[PDB]
Each structure stands twice: as C-alpha cells, then as structure tokens.
Amino acid sequence: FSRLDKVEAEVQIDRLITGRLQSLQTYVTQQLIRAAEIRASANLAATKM
Amino acid sequence: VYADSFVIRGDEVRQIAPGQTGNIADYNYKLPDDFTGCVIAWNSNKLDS
C-alpha cells in the first residue's frame, strides 16, 4: 500500500490474500488426514488395552 | 445522481482519477478509492480561455 496506488492495490493485495488463505487451506486439509491415521491408531490401541 | 464540475489545467487531468496524489488531487478535489461513477473532460479552450 505504501508503494503502489490504491486503484490496483486491491487487485495486488488480493492474490497475496489468496496465497496465504489457500496455504492455510492446504495445511488444514492435510492435518485432518494425519488425525485419521491417528484416530485409527487410537482405536487399535483401545482394543489392544 | 449528483454531478460535480470545475475547471482545471490540462496538466492535472489524470489527477481526477482516484488514488492520484498531487497538489490539486490532495488539496482541491479528491475522489474516493472505491469511486462509483466516472468523469467527462475535454479541452474547452474556446470559451474558458
């Protein structure tokens, strides 16, 4: 914002916003996978005990 | 709809655009960043001059 005019700043900042927002989406949709591989292990241990 | 009119020199025609910085665009007439509408400008040298 401090180096570019505001007419295209919203367009300029949008692809920066979607970059972080998409990255957070990728992390969370992978973290859910790792939960499933742990939720499966939790049930296996529960049966083991 | 409300229309605003004034007379400016040819060197500051581009300053009417939103996000433009200058002596006239910051001290005389500034448009909002998310400006709705548009402007009409022409060289009326015959009458004003």
# chains A, B, ... in the order shown; residues from 1 in each chain; ligands from 1
call {"tool": "interface_residues", "arguments": {"of": "chain A", "to": "chain B", "cutoff": "10 Å", "atoms": "only C-alpha atoms", "output": "short mmCIF file (atom, residue, chain, number, x, y, z; two decimals) with N, CA, C and O atoms, in the first residue's frame"}}
result
data_model
loop_
_atom_site.label_atom_id
_atom_site.label_comp_id
_atom_site.auth_asym_id
_atom_site.auth_seq_id
_atom_site.Cartn_x
_atom_site.Cartn_y
_atom_site.Cartn_z
N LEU A 4 2.41 1.52 -3.93
CA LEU A 4 1.59 1.43 -5.13
C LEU A 4 0.28 2.16 -4.91
O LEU A 4 -0.20 2.31 -3.78
N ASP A 5 -0.30 2.64 -6.01
CA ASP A 5 -1.57 3.35 -5.95
C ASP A 5 -2.70 2.41 -5.58
O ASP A 5 -2.64 1.20 -5.80
N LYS A 6 -3.76 2.99 -5.00
CA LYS A 6 -4.87 2.20 -4.47
C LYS A 6 -5.79 1.65 -5.55
O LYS A 6 -6.63 0.80 -5.24
N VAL A 7 -5.68 2.12 -6.79
CA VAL A 7 -6.59 1.67 -7.84
C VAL A 7 -6.38 0.19 -8.14
O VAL A 7 -7.34 -0.56 -8.34
N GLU A 8 -5.12 -0.27 -8.16
CA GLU A 8 -4.80 -1.67 -8.37
C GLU A 8 -4.28 -2.36 -7.12
O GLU A 8 -3.94 -3.54 -7.18
N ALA A 9 -4.21 -1.64 -5.99
CA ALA A 9 -3.72 -2.25 -4.76
C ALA A 9 -4.62 -3.38 -4.30
O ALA A 9 -4.14 -4.42 -3.84
N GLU A 10 -5.94 -3.20 -4.42
CA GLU A 10 -6.87 -4.26 -4.04
C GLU A 10 -6.66 -5.51 -4.89
O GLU A 10 -6.66 -6.63 -4.37
#
call {"tool": "atom_distance", "arguments": {"atom1": "atom CA of residue 48 of chain A", "atom2": "atom CA of residue 28 of chain A"}}
result
29.8 Å
call {"tool": "atom_distance", "arguments": {"atom1": "atom CA of residue 16 of chain B", "atom2": "atom CA of residue 14 of chain A"}}
result
24.8 Å
call {"tool": "closest_residue", "arguments": {"among": "B:30, B:42, B:22, B:36", "to": "residue 10 of chain B", "atoms": "only C-alpha atoms"}}
result
B:42
